[PDB]
Structure formats: structure tokens, C-alpha cells
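Secondary and tertiary structure notes
Each chain, letter by letter, is given below.
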Amino acid sequence: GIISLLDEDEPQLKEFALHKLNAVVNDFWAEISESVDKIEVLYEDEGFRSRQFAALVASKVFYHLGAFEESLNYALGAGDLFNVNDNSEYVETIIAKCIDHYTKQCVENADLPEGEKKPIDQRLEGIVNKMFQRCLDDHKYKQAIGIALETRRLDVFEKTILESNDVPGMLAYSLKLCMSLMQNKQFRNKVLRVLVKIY
Amino acid sequence: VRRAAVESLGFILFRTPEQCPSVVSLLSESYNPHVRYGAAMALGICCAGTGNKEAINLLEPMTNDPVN
Amino acid sequence: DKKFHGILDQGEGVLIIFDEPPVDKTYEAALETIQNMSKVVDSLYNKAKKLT
Amino acid sequence: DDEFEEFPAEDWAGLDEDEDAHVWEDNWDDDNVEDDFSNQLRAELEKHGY
Amino acid sequence: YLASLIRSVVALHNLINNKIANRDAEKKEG
Amino acid sequence: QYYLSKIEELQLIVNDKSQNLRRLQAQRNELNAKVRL
Amino acid sequence: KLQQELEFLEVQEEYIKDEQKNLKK
Amino acid sequence: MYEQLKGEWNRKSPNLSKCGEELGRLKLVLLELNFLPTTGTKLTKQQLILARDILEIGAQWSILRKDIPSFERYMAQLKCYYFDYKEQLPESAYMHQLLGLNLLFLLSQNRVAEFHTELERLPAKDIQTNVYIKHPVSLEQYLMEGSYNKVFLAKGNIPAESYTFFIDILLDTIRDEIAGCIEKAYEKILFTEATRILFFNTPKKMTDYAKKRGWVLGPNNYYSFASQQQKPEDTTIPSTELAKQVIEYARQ
Amino acid sequence: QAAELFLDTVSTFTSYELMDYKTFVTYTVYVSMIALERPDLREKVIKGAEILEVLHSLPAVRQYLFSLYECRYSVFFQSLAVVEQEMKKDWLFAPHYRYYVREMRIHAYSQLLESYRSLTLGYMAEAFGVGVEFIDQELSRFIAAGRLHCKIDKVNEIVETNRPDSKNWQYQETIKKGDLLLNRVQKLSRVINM
Amino acid sequence: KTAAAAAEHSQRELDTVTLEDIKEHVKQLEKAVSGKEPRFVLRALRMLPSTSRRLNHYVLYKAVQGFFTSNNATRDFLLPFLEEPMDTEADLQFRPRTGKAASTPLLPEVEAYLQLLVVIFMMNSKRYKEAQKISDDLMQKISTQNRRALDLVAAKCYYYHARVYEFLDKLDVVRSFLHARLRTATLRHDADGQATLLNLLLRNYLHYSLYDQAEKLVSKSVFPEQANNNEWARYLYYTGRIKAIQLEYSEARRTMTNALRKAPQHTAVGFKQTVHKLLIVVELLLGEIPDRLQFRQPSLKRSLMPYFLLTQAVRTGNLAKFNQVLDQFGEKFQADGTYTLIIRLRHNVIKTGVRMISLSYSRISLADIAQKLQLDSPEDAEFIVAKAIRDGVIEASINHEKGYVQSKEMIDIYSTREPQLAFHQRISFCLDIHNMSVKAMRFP
């Protein structure tokens, strides 16, 4: 097993063993699914200069395992390597899960905004901002506003109408969404305040 | 409470006139004639000027129910 | 001929006489029910309707 | 409808005879080989002397 | 053996009858 | 629209389960009406 | 549009499934 | 790059200073490009050759030094490097013997799935020839069928690569197994019974047996303790499973 | 089934079809002997007046039939070997190794060791022929076959039977049938959902 | 010439009948697209292999040129790849799409079907490169189009794709495709596609004997219960085989009997042969006496006659006879992959005989058991009974005086309750049946 090459106390050997994991991820699953202990050892060995990409291949290990949320958390702790590539199906899965998490956290911290909020992670917020920002800048505003409303940010509709207003009927589209679809006033207040302030 | 609760549902559910007949498939046929009356009145209320085409079809059997 | 209730233990040179409880006919009746309620039905029905 | 020939379908190449061609139900003991019982009892009688 | 199994068998009979009816309906509707 | 598809599949599951759920209630109500008759 | 439409429809249908199931007992 | 391939490892390498040379070998030659592709590049084929040579050298060093972590690491590296079977390269020689030693010690670790799956990788390598690799197979076969002392005498020789320490580690596994088999439902265990017939004629093994497990020595005899009881049954887990059934068909 | 529909002593012809009425009776006796051991067989076949008459006609046939009925194994085994030899000379020899003598002695040994607990091998051998080793090997072979619910204490040469109580044996039968019908319902669960 | 002309006209008429079968398939997809119903799709896929055994290059080109009234990449691919015969006197009125039908773009479902039908036809013709190209085009098109109903098709499409690649020996290379489509199916909740891909992967690991990786993947991959019956049977059989290799014996017998029962009784002749051999070998190793009624299998007489002799040898305890018969007819055992297990049974025959004789006897002498099973050694007999008791297969114990073994006892608290405890899943079966009914009582 290649796990020994990571088990050696040689950082260069560890790095050599862990380069091509992100390339054999597609083909080899069982050997990587069983090696969770080794990648945990590498993650704990934070004195080695490949902690970030070790967390990345840990997220790959949890991709094998099926724990997309745990892989999201590991690539989160990695930080900047969460967004290595912006176009893949596993990327879409993890960003959808993270958007759901951000939506839930924003809803609860807006329903109880008087302090004591669940800590909005800097890493999670950064990747979230990057993702819906690129989804706004892809220049498809028939779906940019939809993915924004799914993201559930208080300022996101204001951002969408302040940026390039492609299909300027999007104003009326979001108007009818807030008039008919969004009606639960408790978390609707963000969309409602943006809507009143613009219209 | 049974007749009241089966009649005063169309006030809330007229936002879903398509779901007016779906939530009464047991109420309009229930062994309680007051429950059936409530279901009928509930569809009638929730569909004010709507050609639902389904509420009418489900209410047609109740137009000749043995209970007055 | 079941006219007696015992077992001849020749090694000990005796016969152990036992009082047999006959109220346990529920056991045999239940077995008969199992047999004539399952065999006559499952095989016939689900071999006639092999395709479903 | 397919016969699933993908699994190795080694049909039995004898095509010579059915050993139990009738409805006889065999048992694991029924197919042991011996000189039946009559000869064995005769040998028993002989070794006992009669 | 004779209540749980009997309930399971009668439920199985009902289900397989319903499945036969549904399959025949789906095949012969058109 | 893919999470929309997943929610639609969940709604389909709920509808399929509710079909016989409503039918059983209606037929048991019919049985109770029959015994009252 | 269809996103929240299906969300609300699923909420109502999942609710009514349980409510009508409550009558089985 | 390609330095002292077996310069001091063929005749005798008993010093600990060779660990540093091996580490430098790993840094320089073992990390040249890779071991994965092996498409062409006969240079990388020779790189695989030197990798498997240094792996067997490390295996011998580890089995002679009795370091479980290093030995297991070398075993896993050997397995991962051999995962690339290239038939055109000269097989055997290092293959059958090392695989036999590795599988034998893995059975001492109590793993049979890997043993049998490697046996299936090896259709005729294990049965037709290569006593080198069927020696562990024969040992396991006897130790599963009918033999303890016969297994010991069979273990007395290793044809694979000598290195008669896998037999001692299997002897440790079988002292554990025998201790379990006599902690089993046996009726009584005399002191001479434990000492003479099986193995371990009055060694420190005897004190280990007398002090570690139960069955306190009576008069020259160990006896079974309280393990079978009438158990007047409170019968509470039947009630719990009955309640589980009750709730199961109390709904839907 | 053969017995249940074959005890009927209403022949289409006085001596025809099965070569005779005597041959008909011999078939009846063989079939009944395969059939059961000794319940109210006295009131089923022994009470048969025509049966007693035809056993008077055939003394050796009457001999082994009465030997089985009386449970006298000393003559029973010799007569049973004679019966097997006779069945050899008969085209109806289908149970060549199953139900000539082995099944009949399975019934006989069940009858014998039942109402017994520990009958010594050496004495059951002379009460059942000769050759203590022959009876020991026969008992071992039949226990391996499955019947003869008992075990053998070889170090003391004893036959310790294990007859379940009515409850115990019937319990065992119910769990066997539960196994068979769980197999059946699992097959039916395969039938559904496909 | 009359007989040859009549035969050619009859075979052309059957070719037209097969073309009408394909036209019926096209109408079935038109109805399936109209009604959003994949069950009638499943019916079409079920009925295709029944007529698959007799097709003709000319009638396939007829169907291609008829259905592709509008120019399309499928027709452009089939034009060079499909090699129709020379000029034929029989022609049909090819005008299925006119006006709006020709204007509308081709259906992705029927495109996947034409691709899969071309690959099955190429394999029927015993062609490899064109089949692999058509299958690659199929997987490419299915990946590009993201409709829900397509992945249900994609299950069997990927199945037969990897079956073709197995003949191509690309069964190693197709693993990347299998895993990529596994990730797509994980994204799209395609349980049937997942089942197909794991079945193909397991057959790959079987053909390379990659059993350690196979078990490491099976122990972590959750398999859908509601999958297709055939895919379930194949997966369960492969799991049973790998457990048998892993010595998982009770689980192996459970899985193999379950797979035999799940397989269709009228079909799967090779699967049936394999499961008979598996049950024979594994249950003989267990000492679980093989089912005698299985010997009445009309398709397994010659294969089970040496298996019958193996059963007899297992019961008896002899060695030389079955070693001779293995040397005679053991090559098929090697082909089936049980010959290592065959020798394992050859040397565990004594274990099985010891279990049976221990069940037979109460207090049997160690000398007697050694004589019975050809040990000829009191110490070896003692070791064997020790090994049996430590394995826990039997209750025979050791008393170093003479070899005492305990007997049984009357029924205790749990001895009447273990059947109900192990059998009260009857209501669990009832509840899953009722839930399936609830799912399958659609009124319209």
C-alpha cells in the first residue's frame, strides 16, 4: 500500500506520495476509501509544508467515502484550495451544499441577529462570496437572480440590480417572486427591504 | 369542531385552488354529513370565480347526497 | 403400544417412569395449520403467477 | 428475454443417460456402495459360526 | 409463525394482486 | 434547477405515498358508513 | 419561480400526508 | 541518481549507519520521477528494479531488527510497488519468496483475505512449483486441519529465504491460539498437561501461563472456572424485543 | 400413497393383473412394512381375515410379518435378509439400497431403543442377531444417515438415546417448517418487487 | 431456384417483422416521451433482447435511413460504421417523419437506443472497434444531455458498454468511465446506474482476480435495494463469491442461495451452473451436506457427477479416490476458480467428517475417530478435536484421560425463544410489503 510512503517520517516522501492522489482519485476508490487514517495522520502533521493540499486530498478521501459535507469541511479548513477549479460536478455538489449551509445560517442568524450568532466562518464566507460572485459575473442573469435568491443573502438582490442589469425585466421578475413566492415575513424582510429601497 | 374545521379551510387554501380538491378527498366522502358539508362549502369558498374544473367534478356527486 | 409412560434405562438397570403432559397438542395442531395453510397456497399461486 | 450466456455456460457434454431417469428421490446414504445386506448378514452368521 | 407470518403473507398476496392489476392496466390501457 | 429537480422527486415520493394513504382513508370511511347503514 | 413553487408544494404535500396519516389510528 | 545500487547491501549490512545511506537513496534515486506510469522508459524500469531491491533489503533489515512499524511500512511499500506487474521484466527470484514471507507474517497478524486474494493472483505460482511460496500455504493448511506439533516440526525449516523468524512469530500466534483453545470448554488442564504434550517445557512461558489467564493451578492441575450457569433468567431483553415488535406493528 | 390406495382387497380378477392374488398380497405386505412399524397396525392389517388367511398360505411371509409384529429381532433379521433376497428376484427392486432392509430396520431400531434409554451394545447385539461389531457399525452408519435418535458412548459401549419429549420433538418440527417457509416467503419477496 | 427464392423471401419477411419490432420500439418511445413514463421504457428494453437474436445489416440500414429523415450525427456515424449488404430486391416505404416530425429534433432517449442497438448489433456481428466507437458516442451524448429519464437508460447502456469493453479487454481501461459515470449517478441519484457500474467493476476485478480491491470497495459502497432484479442477482452472486474467497462462509451460503433464488429459473443457464458449483464447493467445505434435489438439474449432470463423487468423498473421509478424480477432471474447477478451495476441501474432509461423527457419537474414542478418518495417530486425533472445539463448529470437548464429550440438555429459557427472536421479522416483511403497496397504488 502507498500509505507507507506517507507513513514515513520524510516530508519529501510524504509530498511525493500525496501529489498524484488528486489524479488517481477518479480511478482508485477502495484503496483511498480505506486510507482515512493515513490522511488524518498527514492532516495532524501540520509541521509539513503540504498541510493545505493534504486537506484537499482528505476532501477527496471523503468524496470516496460519500461524506460530501465532511469533504467540504476539510477543503474549508484547507481554505484557499477549496476553489482550485470552478468547473466540475463535485465542485457543483460541494458549492450547492455550502450554499444550503449559508442559507440556513443566514436565516437563523437573521431570525436571532441580536448577537450570539453562529460564527460566520471566514473561509466559508470567502468561498461563498467567490462562488455567487462568479455566478453573477457569468453573464446569465435569467439564472443569476435565481441562484442568488437560492443563496439567500440580504444584499444579493441589491448587488444583482446594481451590477449589469441584463434583461431589465428581472426587476419585475423578482417583484413577482417576492409578491407571490416569498411570503414568510420573518426571513422575507431582507428581500422586502431591498425591494422597497429600489422600487 | 369537525364541520367547522372542514368548512373553514378554503379561506387559507384558496391560494391553492388546485389543492382545494386534493385536501378533501376524505372530507367530502366522510361518514359525517356535516364534514361533507364543510368540505363542500370549503371548496366553494376557496374557488370564488375560478373555473377549477376539478372542484366542480368532485362536488357534482355531493349535489345529490342523501343528507339534506 | 403407548400403554405406559417410561423409558428403560438398562445401563442403570431401571426404568425411568415419566408423567407425560398431553396438553401439548397445540404444538402438533399448529404444525398442521402451518402445513395445510402454506404449502397448498404459496407454491400453487406463485407458480401460476410466475410473471408479475 | 436473454439467457445470460455471459456467465460461463458449460452445458453437460455427456448427453448419454439419466442415471435417475425416474422420479426416485435419492439420499446421501442411498448411493453408498456395498454388497447390500443379505451377504453381510450371511458373513455375520458365518463368523458367529452358524 | 402464525400471526406475524400470516399477516405478512396476506399483505404479500394483496400487494402481488395489486401489482398484477397495475401491470395489466399499464400494458392494456392503450 | 437541479436542486429543484431533487425537491420535485421528493414531492413525487410524497404524492405516491399520499395516494394510497388517501385511498385507504376514503375506503375505511366507506366501510364505517356501510356499518352505520 | 419553479424553485420556491416546488418548495411550497412539497411543504404542503408533506404536511397533508402526515395529517391524513394521523387518521389511520 | 543510480548510485551504489547494492554497493554494501549484498555481502553484509549490519550497521545502523546504512539507514542514512538508505534515506539519501530515497531522497535522490527513489524520488527521481515516479513509479506509477511505467509505460516506456527502461530507465524507469531499472528505477523500479532498484526500488524493489532496496525494498527487499529493507525487509531483511526489518525482520532481523524486529521493528514492527518500519517492517510494516516496508511491507506496504513492497505491495504498492509490486502493484505494477510488468510481464516482460524477469519475474520470480525476488517475487515468490518475499511474497511468501509477507503473507505468512500477515497470517501471524491474522489476515486471510489478502492471503487468499494473492493466491488467486497466483494461479500456478503457489500450487505447481515455488516451494518458496507454498511453504506458508502448507503451514496454514496443517495449522487449520490437524497439527500443532507437526506444524512446529514443519516450521523447523523455511525454504523461501531462510530467516527462520516468521516461524517464531507464528509460534507466538500459536501459543496464543493454544492458550485460547485450552481456555475453551475443556474439562481440566493438568500442569504436566500444559507443560509437556503441546510445547514449552518449563520456560518463562510456564510462568506467563500461570500468571496471565485464569484457571488457577490446583494440585498440579488447572481447572475450568465459572463459565456455564443455570442463569435464572430475568428475561428482560425478550420483553424489550417484544416491545420493539409492539411498536413496529402499532403504526402504519 | 401405495398402501393407502392398495390395501383394498377388491381384485378385478381372482388371479390376474399382478400375476396372482398371492403376489398381490406379497406386494401389500412389502408396502405396509415399508409404510409403518407397529401402531394399531394390528387393527389395520392384522385384523384382516383375508390377510391372516394368505399368511397361512405363505408361512415364511407370515413368519417375517409376525416377527416384525412381535419385535423378535433374532428371527427378524434373518427373515428380513430373506425378504431382501426375494425382492432382488423381483423387478420391483427400485429401493435397492434405501428401502429394502435399512428403512425397515430404522423403524425397528426406533421402536426398540424408544422406551429405552441406555441399552448396552453387547446385549442388544445378541437380542438382535450376532456380531456386536456388526450391530455397532450398523448403528453408527444409521446415526450418520440421520435416524436412530441416539448417541454411542464408545469408551463404555452404551447406546444413550435422545428421544425429545412430545413438546421438544414437535417444537423441532415447527422450527424446521418455519425454516422451509421462511425460504418460501423469501422466494416470494423475490417474486414481488421486480 | 423456387426453394431458394422462397427461403430468401421468408427471411426478408422476418427481417421486415424485425423492422416492425424496431418501429414498435420507436412508437413506444414516442408514447414514453408523451407520458413521462419510464416503466414502459423498461418494457421496451425487456422486449429488445427477445428479438435481438435475429437481425440483418440491410434491415438495420433500412431502419437507420427511415428514422433519420432529418440529417443527424447518428446517421453520419452509422453510414460508414454500419456495413449493409449489396443491393436487395426488397424495399419499404421510408417516410415516418414528415413536416413537424422532421422539423423537431431527435429524442435523446431514441438516440441512446439507436446507439445501444448499434453496439449490440456490432457485437452480434463480432466487431469490436466500431462497437466501441458507437458506445463512446452513446456515453458522450448521455453525458451531454442532462434529462432525468436518460440516466435510467444510461444504467443498462453503461452495463452493455462495459460488457463490450470486457471482450475488448478494455475492461481495465473502462474503469475510468465506470467511476466517472458513478460520480454522475451519485450527483443525480441514479441508483440503477450505480448498480450497473458496480456490477461491471466487480466483473472487472473478477477477471483480474482483483479481490482485495473488490472487497475493499464492496465494504464501503452501499448497493441499492430497489435496483433491477438481474443487477441485484449479479451483484449478490459476486459478493457471495468474494466472501467465499474471503472464507466468509455463513454469509457466502446465504448470499449464494439468495442469488440462485433471485435469478430467473427459466433463464441464466451459465449463472445457474456457476451457483451450483459454488454451493457444492462451499457447503462441502462447511460440511453442510449439499442439496440432493439439486442433482436433478437437467443442465448440470456431467459437471455434478464428479461433484457427487466429491460429496461422497467428503462424507467418507477418503483421500486417494477424490485426488485421482481431481487430477482427471479438475481443469474445469480451475476455470471456475475454486481449485485452491478444491484442495482446501481435500484437506478439510477430515474436519467435516469429525463434525459429522461428533454429531453422531456422545463419547467417541480419539483412537476410534483417528481410525475412522484415517489419522492413525492419537495425538493428531486430539489436535483435530481441539481445533474443532476452538472453531466452535461442534460441542466435542477434550478430557486428556480418554476423550470425553458432553451430551445435550433439555430446553432452557432461550432455547424456545431463539426461533421467535430470529423469525419475528415477519412483520418487517409485512410492513415493507404494505409500503410498496402504498407506493404502487396509483389510481390513473
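All of the points below concern the structure found in this document. (Residues numbered from 1 in each chain as written, not as in the entry; some residues may be left out. Chains lettered and ligands numbered in written order. Part of a larger assembly, values for the part shown. Heavy atoms only, no water. Residues with missing side-chain atoms left out of burial classes, pairs and counts.)

1. Details of the overall build of chain I
Looking only at helices and strands, one finds 9 helices and 3 strands in chain I. At 20 Å, chain I has a C-alpha radius of gyration far larger than the 16 Å of a compact globule built from 194 residues. Taken over the C-alpha atoms alone, chain I extends approximately 60 × 55 × 30 Å along its principal axes. Taking all contacts inside chain I whose residues are at least 6 apart in sequence as the whole, residues at least 24 apart take part in 52%. (Helix = DSSP H or I, 4+ residues; strand = E, 2+ residues; numbered from the N terminus. Rg over C-alpha atoms; globule rule 2.2 N^0.38 Å. Contact = heavy atoms within 4.5 Å.)

2. Details of the overall build of chain H
If you tally the helices and strands in chain H, you get 11 helices and 2 strands. For chain H, the sequential pattern of α-helices and β-strands runs α-α-α-α-α-α-α-α-β-α-α-β-α. Against the 2.2 N^0.38 benchmark of 18 Å for 252 residues, chain H shows a C-alpha radius of gyration of 25 Å, more extended than a compact globule. Its C-alpha atoms put chain H at 75 × 65 × 40 Å along the principal axes.

3. Observations regarding the sheet that holds strand β3 (residues 158-161) of chain I
Residues and elements named next belong to chain I. Sheet architecture is open: 3 strands sit in the order β1-β3-β2, paired in antiparallel fashion. Edge positions in the sheet fall to β1 (118-120) and β2 (150-153), since each of these pairs with one other strand and no more. The sheet shows a mean angle of 25° between the axes of neighbouring strands, direction not considered. With 3 bridges connecting them, β1 and β3 associate as antiparallel partners. Following the sheet pairing, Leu119 is matched in β3 by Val159. Against the sheet, helix α8 (residues 132-145) contacts β2 and β3, and its axis sits at roughly 135° relative to β2. (Pairing = 2+ DSSP bridges. Axes fitted to C-alpha atoms, helices over the stretch in contact; angles between N-to-C directions.)

4. Describing the interface of chain J and chain H
Taken together, the 42 residues of chain J in the interface contact 39 residues of chain H. Going through the elements one at a time, α11 (211-218), α18 (339-360), α20 (378-391), α21 (418-423) and α22 (426-439) of chain J are the ones with two or more residues in the side of chain J that touches chain H. For the side of chain J that touches chain H, the element with the highest residue contribution is α20 of chain J, accounting for 8 residues. Residues belonging to the side of chain J that touches chain H are distributed by class as follows: 16 nonpolar, 14 polar and 12 charged. (Nonpolar A, V, L, I, M, F, W, Y, C, P; charged D, E, K, R; others polar.)

5. A few points about the packing of aromatic side chains
Each aromatic ring pair is characterised by the separation of its centres together with the angle its planes make. All names here are of chain H. Overall, the coordinates contain 34 aromatic pairs over all chains when judged by the stated rule. Relative to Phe166, the ring of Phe105 lies with its centre 6.2 Å away and its plane at 85°, an arrangement referred to as edge-to-face. Of this pair, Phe105 sits in helix α4 (residues 95-108) while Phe166 sits in helix α8 (residues 166-183), and the two are 61 residues apart along the sequence. A single burial state applies to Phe105 and to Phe166, both of which are buried. (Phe/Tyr/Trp six-rings, centres within 6.5 Å; stacked < 30°, edge-to-face > 60°. Buried < 20%, exposed > 50% of the residue type's maximum accessible area, 1.4 Å probe, protein only.)

6. As for the pairing of β3 of chain I
If a strand is regular, its side chains alternate between the two faces of the sheet. All names here are of chain I. Because side chains alternate across β3, one face comprises the buried residues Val159 and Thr161, and the other comprises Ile158 and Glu160, none of which is buried. Where β2 and β3 come together, 4 bridges link them in antiparallel fashion. Note on β3: the bridge partner recorded for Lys151 is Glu160. Taking the residues between adjacent antiparallel strands as the criterion, β2 and β3 are bridged by 4 residues, where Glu157 takes a positive phi near 60°.

7. Notes on the environment of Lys3 of chain C
Mapped onto the fold, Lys3 of chain C is located in the segment before β1 (6-9). Spatially, the C-alpha atoms of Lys3 of chain C and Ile16 of chain C are 15 Å apart, while their sequence positions differ by 13 residues.

8. Topic: helix α15 (residues 301-316) of chain J
All names here are of chain J. For α15, spanning 16 residues, the distance from its first C-alpha to its last is 22 Å, which sits close to the expected 22 Å at 1.5 Å a residue. Considered for burial, the residues of α15 that qualify are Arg302, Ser303, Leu304, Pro306, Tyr307, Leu310, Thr311, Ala313 and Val314. Residues of α15 that are buried sit in contact with α14 (269-286), α16 (320-329), α17 (331-336) and α18. (Expected span 1.5 Å × (residues − 1).)

9. Topic: the arrangement of the chains
Here the protein chains form 17 pairs of chains in contact, of which the pair with the most contacts is chains H and J. Across all C-alpha pairs, the smallest distance from chain C to chain G is 29 Å, and the two are not in contact. The closest approach of any C-alpha atom in chain G to one in chain I is 24 Å; the two make no contact.

10. Description of the interface of chain J and chain F
Chain J puts 9 residues into the contact, and the matching count from chain F is 10 residues. The element that contributes the greatest number of residues to the side of chain J that touches chain F is α22 of chain J, accounting for 5 residues. For the side of chain J that touches chain F, the class distribution of residues is 2 nonpolar, 4 polar and 3 charged.

11. Considerations on the side chain of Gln11 of chain F
Within the secondary structure, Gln11 of chain F is located in helix α1 (residues 2-36). In this structure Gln11 of chain F comes out as buried when scored by relative accessible area, which is 7%.

12. Observations concerning the packing of helix α9 (residues 122-137) of chain A against helix α10 (residues 141-151) of chain A
Residues and elements named next belong to chain A. Put simply, α9 and α10 touch, their axes get as near as 8 Å, and they point 155° apart. The orientation of α9 relative to α10 falls into the category roughly antiparallel. α9 and α10 meet at a crossing whose hand is left-handed. Only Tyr141, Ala144, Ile147 and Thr151 of α10 make contact with α9, whose side of the interface consists of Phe132, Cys135 and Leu136. In terms of residue class, the contact of α9 with α10 is made up of 6 nonpolar, 1 polar and no charged. (Parallel < 35°, antiparallel > 145°, perpendicular 65-115°, else oblique. Left-handed = near helix turned anticlockwise from the far one by under 90°.)

13. A word on the nonpolar core
Of all hydrophobic cores here, the largest spans 178 residues; its most connected members are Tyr148 and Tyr186 of chain H, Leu139 and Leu148 of chain I together with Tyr160, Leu178 and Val354 of chain J. Examining the composition of this core, we find that 11 residues originate from one element, helix α6 (residues 108-124) of chain J, more than from any other. The contact partners of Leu148 of chain I, leaving out residues within four places of it in the chain, are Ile106, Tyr109, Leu139, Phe142 and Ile143 of chain I. By size, the runner-up hydrophobic cluster in this structure holds 52 residues, among which are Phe53 and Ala58 of chain A together with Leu55 and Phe105 of chain H. (Core = buried A, V, L, I, M, F, W, Y, C linked by side-chain atoms within 4.5 Å.)

14. A word on the side chain of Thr120 of chain I
With respect to the helices, strands and loops of the structure, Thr120 of chain I is situated in strand β1. Residues contacting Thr120 of chain I, with those up to four places away along its chain left out, are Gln10 of chain C together with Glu157 of chain I.

15. Digging into the pattern of salt bridges
A complete count under the given rule lists 47 salt bridges over all chains for this structure. In this structure, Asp153 of chain I and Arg363 of chain J form a salt bridge, with 3.2 Å as the shortest nitrogen-oxygen distance. Pair noted here: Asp153 of chain I is in strand β2 and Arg363 of chain J is in the loop between α18 and α19 (366-372), and the two residues belong to different chains. Accessibility expressed as a relative area gives 0% for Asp153 of chain I, which makes it buried. With a relative accessible area of 25%, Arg363 of chain J lands in the partly exposed category. Among the ionic pairs, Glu288 of chain J bridges to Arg253 of chain J, the shortest N-O distance being 3.2 Å. Taken as a pair, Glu288 of chain J in the loop between α14 and α15 and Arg253 of chain J in helix α13 (residues 249-262) lie far apart in primary sequence, 35 residues in all. For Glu288 of chain J, a relative accessible area of 28% puts it in the partly exposed group. Under the relative-accessibility criterion, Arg253 of chain J is labelled partly exposed at 36%. One connected set of salt bridges, linked through shared partners, spans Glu34 and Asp36 of chain D together with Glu84, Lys88, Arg102 and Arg141 of chain I. (Salt bridge = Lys/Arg side-chain N within 4 Å of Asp/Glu carboxyl O.)

16. Concerning helix α12 (residues 229-245) of chain J
Residues and elements named next belong to chain J. With 17 residues, α12 extends 24 Å between its outermost C-alpha atoms, agreeing within 8% with the 24 Å of an ideal straight helix rising 1.5 Å per residue. Judged by how many residues are buried, α12 sits mostly within the fold: 15 of 17 residues are covered. Two to three positions downstream of the cap, the backbone nitrogen of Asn230 sits 2.6 Å from a side-chain oxygen, assigning the N-cap of α12 to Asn228. Remark: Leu247 follows α12 within two positions and exhibits a positive phi of approximately 70°. (Polar contact = N/O pair within 3.5 Å; in protein donor to acceptor, adjacent residues only side chain to side chain.)

17. Observations regarding a nonpolar patch on the surface
Residue and element names in this part refer to chain A. On the surface, a nonpolar cluster with roughly 390 Å² of combined accessible area is contributed by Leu175, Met179, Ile198 and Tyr199. With respect to the element layout, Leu175 can be found in helix α12 (residues 170-181). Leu175 sits in the partly exposed class, given a relative accessible area of 38%. (Patch = residues over 30% accessible without salt bridge, like charges linked within 9 Å, V, L, I, M, F, W, Y side chains within 5 Å. Areas by Shrake-Rupley, 256 points an atom, 1.4 Å probe, with all protein chains shown as cover.)

18. Here's the deal with the packing of α15 of chain J against α16 of chain J
All names here are of chain J. Packing of α15 against α16 brings their axes to within 9 Å, and their N-to-C directions diverge by 160°. Our classification of the angle between α15 and α16 gives roughly antiparallel. α16 is crossed by α15, and the crossing has left-handed handedness. Across from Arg302, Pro306, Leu309, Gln312 and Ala313 in α15, the residues of α16 making contact are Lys321, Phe322, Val325 and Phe329. Residues that form the contact of α15 with α16 fall into these classes: 6 nonpolar, 1 polar and 2 charged.

19. Brief notes about the pairing of β1 of chain C
Residues and elements named next belong to chain C. As paired strands, β1 and strand β2 (residues 14-17) are joined by 4 bridges and run antiparallel to one another. Its bridge partner being in β2, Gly6 is matched across the sheet by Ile17. Where β1 folds back on β2, the antiparallel hairpin that results is connected by 4 residues, among which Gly13 adopts a positive phi of roughly 65°.

Note that every value here comes from positions in space, so none of it alone points to a role or purpose.
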